[PDB]
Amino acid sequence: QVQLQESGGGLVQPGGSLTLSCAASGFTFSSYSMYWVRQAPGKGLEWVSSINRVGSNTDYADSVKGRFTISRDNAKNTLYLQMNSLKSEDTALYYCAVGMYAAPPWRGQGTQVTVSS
């Protein structure tokens, strides 16, 4: 079946880093642009980052620009998000998805990141 599995979340103090991974299976990963989106209580769903099919073009929400980096491995069918200089406001459940607004199975079940003093 179509599966997207996020991992790499954790609890970390502000200023710290994390790297999220998303293992894709059950479809041709290379045929899809990929997205990181995040949801946190009271803030709804907000887009974080996107990458085209081969990684030659990437985009970032304004709030994470210069701090986060999206990348993909089309051999391993894996999506990544390296996060630096984490803030409180980055606390959220992070999902990877084939679209900004995709729903399961085309969005994963998420990985929690909690940035707390």
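The numbering used is simple: start at 1 and walk along the sequence shown.
Undergrad: Determine, for stretches 25-33 and 66-74, which one has the higher mean CA B-factor as deposited.
TA: Taking the mean C-alpha B-factor of 25-33 and of 66-74, the larger value falls to 25-33.
Undergrad: Comparing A102 with the other modelled residues of its chain, is its CA B-factor in the lowest, middle or highest third?
TA: As the PDB entry reports it, the C-alpha B-factor of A102 lands in the highest third of its chain.
Undergrad: So where's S56 on the chain's Cα temperature factor ranking, which third?
TA: Middle third by C-alpha B-factor.
Undergrad: Based on the deposited C-alpha B factors for this chain, I'd like to know if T91 is in the lowest, middle or highest third.
TA: Lowest third - that is where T91 ends up once the chain's C-alpha B-factors are sorted.
Undergrad: Test of reading the entry: by CA B factor among the chain's modelled residues, which third contains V2?
TA: Tercile = highest for this residue's CA B-factor.
Undergrad: If you rank the chain by CA B-factor, which third does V48 end up in: lowest, middle or highest?
TA: Within its chain, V48 is a middle-third residue by C-alpha B-factor, going by the deposited values.
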